[PDB]
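What follows is one chain in structure tokens, specifically the form deposited in one PDB entry.
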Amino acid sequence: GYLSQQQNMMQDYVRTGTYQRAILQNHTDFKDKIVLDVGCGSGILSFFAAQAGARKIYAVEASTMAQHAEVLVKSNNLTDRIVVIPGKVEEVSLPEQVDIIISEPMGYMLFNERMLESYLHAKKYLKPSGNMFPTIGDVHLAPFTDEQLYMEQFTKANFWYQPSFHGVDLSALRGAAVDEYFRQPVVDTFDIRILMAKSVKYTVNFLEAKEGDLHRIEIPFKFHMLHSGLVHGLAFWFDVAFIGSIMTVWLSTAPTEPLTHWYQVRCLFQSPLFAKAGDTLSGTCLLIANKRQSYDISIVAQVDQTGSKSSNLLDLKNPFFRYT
């Protein structure tokens, strides 16, 4: 509901500028077409669709931020072109099928907040050969070494390892504090030189995907170690592409690209793994959607040349925002 959260999202130039570039540069995908805008987060995408000369734009807004979208449509003299439909996409009805769907459904590792499920759900309104902006999403994973990060977890949990905090013995809760800290994905950016291998990419094609494909995401991985060292976890980021008729525009949140409000996400292993250069780290990353509009993340990895194995179970609902 807050205009301050809208503003903050609009203020990210990468986000707003890239969406606008994607729409205006592919204006023939939009010119005299019918458009569905699902969940106007920054709230501004319906206007870009009108700047590209859309015939009609249905804007589904879910919160009280629906009468605000109404104020903006009226004061920009676009009442004849933009229709604001309050409610959820799974509960509203559109008077007609659309040529294209647009949205900003990306959360922390692409998937967090589960807005992509509404996005896919909206395809019931898509003409059989319509398009989607974004069209595809690429989750990248890569192993990292970060001894300071890993160490900081114990420093914090070891608060509980004292037999007389104000005369109280806290140490029986040290195991639970360690578990809890290790279950938090870390949202922060990093130096790319911490990456110990080329990333593995998992693509979700939004045109082909069904809503149910997101309830459980299995990502196998095989890493070929570029440097010898202790692997402390996996790092996550994502790219999305808008694949129009004129061109493909990419939005990247990679650590090599300018920083966005998505940053990057790291999941630590319980126990680091020694992998030399040339070794293989294989395993699997399993995302299971949960009742808290988030994901449980299951990671298991082994050094194939050695058999030494590690894992973690994380919940994306309680991340540690480490950046400042």
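All residue numbers are counted from 1 along the displayed sequence. The term rigid core refers to the maximal set of C-alpha atoms that superpose within 1.5 Å between the two forms.
Below, we refer to the form deposited in another entry, which is not included among the displayed structures.
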Single mover in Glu208, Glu218, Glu96, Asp169, with Cα shift of 2 Å or more between this form and the one not shown when the core is superposed: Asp169
Rigid-core frame, C-alpha of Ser42, shift of 2 angstroms or more between this form and the one not shown: yes
Distance direction in the other form for the C-alpha atoms of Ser42 and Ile85, relative to the displayed form (3 angstroms or more): closer
